[PDB]
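Working notes, structure below.
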Amino acid sequence: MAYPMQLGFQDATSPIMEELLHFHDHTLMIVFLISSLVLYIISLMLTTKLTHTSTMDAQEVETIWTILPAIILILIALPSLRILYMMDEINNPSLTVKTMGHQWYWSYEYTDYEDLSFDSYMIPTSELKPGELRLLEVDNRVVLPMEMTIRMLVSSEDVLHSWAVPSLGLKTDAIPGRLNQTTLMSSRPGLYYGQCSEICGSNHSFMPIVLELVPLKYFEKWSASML
Amino acid sequence: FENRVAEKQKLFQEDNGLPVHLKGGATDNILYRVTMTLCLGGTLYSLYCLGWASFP
Amino acid sequence: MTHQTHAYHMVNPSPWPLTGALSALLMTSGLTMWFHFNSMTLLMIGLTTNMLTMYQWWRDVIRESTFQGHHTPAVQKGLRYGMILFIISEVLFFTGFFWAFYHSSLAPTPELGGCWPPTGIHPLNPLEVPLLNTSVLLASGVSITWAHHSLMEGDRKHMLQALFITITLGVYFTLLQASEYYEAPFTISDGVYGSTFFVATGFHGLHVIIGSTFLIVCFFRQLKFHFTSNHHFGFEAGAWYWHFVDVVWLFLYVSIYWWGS
Amino acid sequence: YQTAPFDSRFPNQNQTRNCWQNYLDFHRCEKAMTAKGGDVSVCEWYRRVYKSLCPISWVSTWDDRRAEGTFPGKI
Amino acid sequence: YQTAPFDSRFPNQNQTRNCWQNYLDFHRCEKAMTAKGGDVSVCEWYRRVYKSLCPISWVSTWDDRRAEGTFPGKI
Amino acid sequence: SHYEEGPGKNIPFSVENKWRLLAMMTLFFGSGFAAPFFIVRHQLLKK
Amino acid sequence: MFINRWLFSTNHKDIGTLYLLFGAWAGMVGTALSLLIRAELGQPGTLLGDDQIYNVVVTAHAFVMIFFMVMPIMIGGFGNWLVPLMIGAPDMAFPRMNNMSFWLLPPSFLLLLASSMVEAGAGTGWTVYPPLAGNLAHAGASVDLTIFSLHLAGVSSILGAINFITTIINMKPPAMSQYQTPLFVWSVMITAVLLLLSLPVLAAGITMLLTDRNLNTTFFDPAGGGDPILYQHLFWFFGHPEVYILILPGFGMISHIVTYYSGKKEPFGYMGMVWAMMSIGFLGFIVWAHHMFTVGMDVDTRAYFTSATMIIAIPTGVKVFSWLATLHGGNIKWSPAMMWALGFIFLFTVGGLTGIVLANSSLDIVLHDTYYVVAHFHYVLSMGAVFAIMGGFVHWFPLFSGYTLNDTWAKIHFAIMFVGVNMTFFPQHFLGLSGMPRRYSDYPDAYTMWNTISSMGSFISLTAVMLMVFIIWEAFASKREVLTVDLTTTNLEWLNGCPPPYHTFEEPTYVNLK
Amino acid sequence: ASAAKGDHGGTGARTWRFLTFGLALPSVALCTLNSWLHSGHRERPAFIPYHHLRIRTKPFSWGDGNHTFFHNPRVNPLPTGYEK
Amino acid sequence: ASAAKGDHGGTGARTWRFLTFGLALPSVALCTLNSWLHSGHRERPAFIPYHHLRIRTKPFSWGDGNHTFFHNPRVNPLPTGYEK
Ligand code: HEA
Ligand code: HEA
Ligand SMILES: [Cu+2]
Ligand SMILES: [Cu+2]
Ligand SMILES: [Cu+2]
Ligand SMILES: [Mg+2]
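Residue numbers (the UniProt record's numbering), protein chains in the order written: chain A, 1 to 227; chain B, 22 to 77; chain C, 1 to 261; chain D, 12 to 86; chain E, 12 to 86; chain F, 17 to 63; chain G, 1 to 514; chain H, 13 to 96; chain I, 13 to 96.
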């Protein structure tokens, strides 16, 4: 989750999200370089009484400023693409959960063995118990086993919705009639919050996501007591 | 057939200080006013419908 | 100054743009009434003022060119560009529909039966009337060309004869296509196959009618000796539009009628 | 069996067909083992997979379609 | 069983695929009933058909190909 | 062309009296800025 | 008389004035809408209500500013006013059609206003994506009216695109090559081409959406075998070219402004500058899908689109560096317009740099649909497109009117707006990195600080657009007539005095064929 | 499936008029006959209430709002089933 | 997948020379890089004596009559199997 007065990304709960933080730092370092370079050149140009309004030869310097940006783009592209494939990588999940966006709530389905399925709704700010997060708490958290490769399958039963969980570096739209897949893999226990990342009507802002990650043992007992 | 473009060229080149859409006579004028009338009325009618549909 | 020394045309203030803009308002909002509060009176008025505008706007253009002689060479070269460009925007309009079609037929969703044509759809036979419509359109392509050549050679009777043959083939296709619609064992409402089919072939259909009234206009302008063996842009355009129309049908035939069925 | 494993013929973010294919496959196999007996052998694998990946609502509606005979797939 | 009946998916003078398809089908079914047991059920139909329509020499060579593992079809 | 030319004459509104102008500009831009507010109001008063 | 002049026009100058008037007024509506947006987000809680009334507001904000302020002003206003004057043409190729282009706009705007009145308006987002835009989740006339408004606005823009390309190509002096026309003219000739090819695909898309909800078609309905994603492709195929269509005329004005106030004859690297816009225009057609990174597409294609999108930085770079090279040996004049030009150069750089970040699909997964992307486009739109409009407006106002603006006031106006927009959009980078989604009427408690600061900045901007209205009034109230203009040898638009007569270039311009 | 044929190097109106009556029109006649011979009237397709067909999410703006525009009762069933 | 772009109505040699160095050549450079980056050396494919491959009905008119013209031993096996 996000804390007050935050500047950058939420702390990485999973390895690709870590990988992203580092890539962003790399990319951001460059935007700082260029954006400060331009500002320096500008102030430089505007700070002299010396003139040279006659004709100036282009092209010559034109190569420097066309080949340089080209090299820099590779320096970003390479890391970017690697992480890109790393995400769509050949992994073998040990669990498959489904989530279905609905107009103003998500419903989850764990059906590998038994037909377990529940509804996850936001807790009205009015009925929050002290210490509970205003627009983020849901009544039924989606419980999953920490330290395990889970396969999420996102879809919707009405309009478009988007299932996202920033700490894990996930976001997948929920398109009716479609089964989009994503690999979840938290490397640490806890409660991880997310929100609908797609305009879906009146309560678009009020249909959050809360992941609760406990060890396998507790996961399975939870699963059973759930039916 | 005919071929009297020569008569019309003359009619339309006549320096009567009239705009091309009227240079051709009285019918041009009635057509104009009919068109203009229907458009404005229609536009008025449309505004009425929208004011009407705005409400539950 | 006072008297111009450039070969361009300074068109007199016309109320038509205002009139046609108002028309668009009336037709659009009128469709909204028809679709929602079940009324066409507004849609009727709009279609009316619209025809009125087009008639007059084009009547004047004829006046300014044929009767008043404002269409100097420079002015004409500009009209050629305009037409080309317009036809282009049209080519890209139809491209949205072929995109749609190919998107659907190349990756059929399971709700269709995971196949194409979807289960339950009985496609028409390309070798029957679709094949006929194809040959009709193609023939009018050769006949409109004959017309063009007679015109440049000052052969009044023949240009008229060819323009006439061309026009009837265009009508023949319209009727034939109309019957196909009526006999078709599927409708706009039959899922994506029907949507894809009726709106693409449908918009094209509308274009054949728009192209035929254009050639008709050309026919009468010729009966009235408007065209000279050398200055007949109105015809050149009508001709270019007419070809755009065969070509679109060739893609429709091959894509929707043959490949996607 | 843990969960449906990775399927090379369905290597991308979109698994719609994965769910679809196995649902067909199962019911197609089922119908055959029925109309053949062959000791009423059974194609469970396909059902395990399709149950894991296909959201309930799809399976349900498909079953109903198969009931009233308006199911568009060929089994 | 008299002989392989008319097959709508193979309605023309050329039956090459008819022979081919059923030969595959049989061996594909066979492999499955084996690696599943399912009371070692058996897909005889396909073998009756492919034996009727496929000339001996083709079946023979295909079997050999399947033996040395140089059989081009996917079973 | 009887179309007058020059500063203050190539526009569809009179610029001869600065205060009549003030009024006009005020209604013009003013009505434009107020419209969204009254639309929201209108939507809030429906049922 | 008034009718004949103002309703029945065939004059590029008068039609152009009519546009600027339409654009300014629409600019008021859009500003009001942007304030309701920040009013709603300036304190934790709900001011207006549910995401419907809120998103109706967000949607109108986008349509109004994009289709009714920016496009009319830059292309219809400056386009019609300056193009003929810069190439020495008596007027445009199709004077009458040109008028229809303009008159199609007010009706189009009416339909959009009407949409938010009937029923509950259109709370679909400017992308009006289905199923939300469909006849189930959005039953009623609203979306349909939004669609028809877009049809007219599109018919208006491709008719004008046809006019500009024909004029610009066909009506220059016989001895003048295309490589002899000014960057602004090139800028609109290229923008005109993008409109001609992208607008029709949009109309194809929304017409399909219109039939899906009134004629029982299922282009985007899974039930019939449709695909909600298909709409995304069609929309975005137009949707991207659309943003370049929005910045290109701005690039041109900037080239003119920077050169003029640097006391230079011509801009540095003129042919490089022509090459740059042409490249930008072209690459802009093959990158639409970067707006669909989290939709479920193949990794490979997702890789193509991030690369294709990134190469646009090269040509854009040659332009930024060229404007800098233009300032080089210049005799700089710190005029209001030059202030707007410098701001643009920097701010636009930052906003486009921030767009290169989003170009990465991997990183975009966590950045998509957040306020980071709201920051990106407001930098390139609020301090890019808009800064060009202001610089061009203050620079050419005397030409259009014959009167001058109070430079000091004009400078005060820059100062205020410069502070306002940065304070408004800077914080938003954080809200987005930290996860605040787009299109929310309320947010978790943590996002309160930045949203507060952000909303305060929008009030400063309000102050600036109010002051501007006054600044225009005063100019017209005082009446200081223009006397002398510098550098006319290289700036044709000014050769006929301020304001140029109803009929300019009645007798052509003499240009030798060396 | 052809390749091409009889070249007549000089094309004027006589050539196009020749192609019109010597090629274009004769084809329209053949195909007309062909289509007049293959005029086999297909027996109206079996009705089965498939959900991906006979779509209806909003009644049509005309008639009883359940009848498609060029509705042919002989070959087009309503959602419920064939007309009569 | 494009549509088109920047029109420059007048085409002379300057225009074609402009397209050559401003479009044509830059593309050859990009693709060159692309192909220089995707230069992934595939490991020689698994040999399996399929009968429809490595056909030999008449020894080639050169060498040992069993070696195809542009024979690359690394990726091309003889009928018997890979060269060495
Ligand atoms: C005029 C407006 C404008 C302009 C010009 C641009 C320009 C760019 N934009 Fe865009 N963008 C928008 C307006 C604009 N954009 C809008 C409206 C949206 C949101 C729409 C919606 O979804 O609602 C959006 C959304 C958007 C997205 C998707 C975000 C999401 O996930 O939802 C992406 C991603 O690729 C993107 C990227 C870019 C890029 C790469 C550029 C490039 O053109 C930037 C080029 C500029 C530079 C690169 C800086 C100058 C060059 C140099 C100094 C050279 C050296 C630098 C380097 C080597 C990097 N934009
Ligand atoms: C032209 C483009 C444009 C401009 C300039 C702006 C300007 C503003 N916009 Fe933006 N905005 C969009 C286009 C624009 N916007 C779009 C496309 C979206 C996406 C909608 C969606 O999500 O569907 C969006 C979304 C959007 C959001 C996100 C809402 C959400 O997703 O929840 C916010 C919130 O702060 C916002 C605020 C503002 C603000 C504070 C201004 C302020 O900076 C305004 C300052 C005022 C001005 C700069 C106008 C003054 C200029 C004139 C009036 C011209 C005067 C005329 C003459 C001189 C002749 N806008
Ligand atoms: Cu949602
Ligand atoms: Cu939502
Ligand atoms: Cu884009
Ligand atoms: Mg999205």
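Heads up, the beta-carbon is just placed ideally off N, CA and C, and yes, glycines get one too.
Around the beta-carbon of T354 (chain G), 16 or more other beta-carbon atoms lie within 10 Å, marking it buried. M159 (chain C) is not a Cβ neighbour of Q76 (chain C), given a cutoff of 8 Å.
Three or more beta-carbon pairs separated by less than 8 Å are not found between the segment 4-16 of chain A and the segment 325-340 of chain G, which leaves the two stretches without contact. When rounded, the separation of the alpha-carbon atoms in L106 (chain C) and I88 (chain C) is 26 Å. Under the DSSP assignment, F118 (chain A) falls in the beta strand (DSSP E) whose first and last residues are 116-120. An exposed status is given to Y69 (chain B), since fewer than 16 other beta-carbon atoms sit within 10 Å of its beta-carbon. Excluding the 5 residues flanking it on each side, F94 (chain G) has same chain C-beta neighbours closer than 6 Å at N163, in chain order. Using a C-beta cut-off of 8 Å, the segment 384-394 of chain G makes no contact with the segment 450-461 of chain G, since fewer than three inter-stretch Cβ pairs fall below that distance.
Under DSSP, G190 (chain A) takes part in a beta bridge, and its partners are A:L213. Each residue's CA atom was taken as its position, placing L151 (chain C) and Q161 (chain C) some 11 Å apart. In this model, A58 (chain A) and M273 (chain G) are separated by some 11 Å (Cα to Cα). In the DSSP annotation of this structure, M44 (chain C) is not part of any beta strand (DSSP E); the continuous alpha helix (DSSP H) holding it starts and ends at 41-62. Put simply, the CB of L7 (chain G) is far from chain I, with every gap to its CB atoms at 8 Å or more. In this chain, the alpha helix (DSSP H) harbouring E474 (chain G) covers 448-478.
Residue burial is scored here from C-beta neighbours: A141 (chain G) has at least 16 other C-beta atoms within 10 angstroms and is therefore classed as buried. Within the same chain, and ignoring the five residues on either side of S197 (chain A) in sequence, the residues whose Cβ sits closer than 7 Å to its Cβ are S162, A164, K171.
For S47 (chain H), there is no enclosing beta strand (DSSP E); the enclosing alpha helix (DSSP H) has its first and last residue at 37-49. Contact between the segment 247-255 of chain C and the segment 129-139 of chain C is present: three or more C-beta pairs spanning the two stretches fall below 8 Å.
Uninterrupted alpha helix (DSSP H) stretches at least 4 residues long and entirely within the UniProt domain "CHCH" (27-73) of chain E occur at 27-45, 55-64, given in chain order.
For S155 (chain A), the enclosing beta strand (DSSP E) starts and ends at 150-156.
In the DSSP assignment, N80 (chain G) falls within the unbroken alpha helix (DSSP H) covering 79-87. Residue state for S382 (chain G) is assigned as helix, using DSSP reduced to three classes.
At least one beta carbon of chain D lies nearer than 8 Å to the beta carbon of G49 (chain E).
Environment of ligand 3, chain-ordered: A:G101, A:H161, A:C196, A:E198, A:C200, A:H204, A:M207, taking every residue with Cβ within less than 6 Å of a heavy atom. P499 (chain G) sits close to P23 (chain F), with the two beta carbons spaced by under 8 Å. Using a 10 angstroms sphere on the CB of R63 (chain C), the tally of other CB atoms reaches 16 or more, which defines it as buried. In this model, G131 (chain A) and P166 (chain A) are separated by some 21 Å (Cα to Cα). At a cut-off of 4 residues, the continuous stretches assigned as alpha helix (DSSP H) that sit fully inside the segment 344-398 of chain G are 361-367, 371-380.
In this structure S307 (chain G) is buried. Its beta-carbon is surrounded by 16 or more other beta-carbon atoms within 10 angstroms. Taking C-beta atoms as the reference points, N406 (chain G) and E474 (chain G) count as a pair closer than 8 Å. Put simply, the backbone Cα of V136 (chain C) is about 59 Å away from that of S441 (chain G).
Between ligand 5 and the CB of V299 (chain G), the shortest heavy atom gap is not smaller than 7 Å. Within 10 angstroms of the beta-carbon of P208 (chain A) lie 16 or more other beta-carbons, which makes it buried. With 16 or more other CB atoms across the displayed protein chains lying within 10 angstroms of its CB, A184 (chain C) is buried. Residues of the segment 128-146 of chain C whose Cβ lies closer than 7 Å to any Cβ of chain H, in chain order: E128, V129, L131, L132, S135, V136, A139, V142, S143, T145, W146.
At a cut-off of 8 Å between beta carbons, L136 (chain G) contacts chain H.
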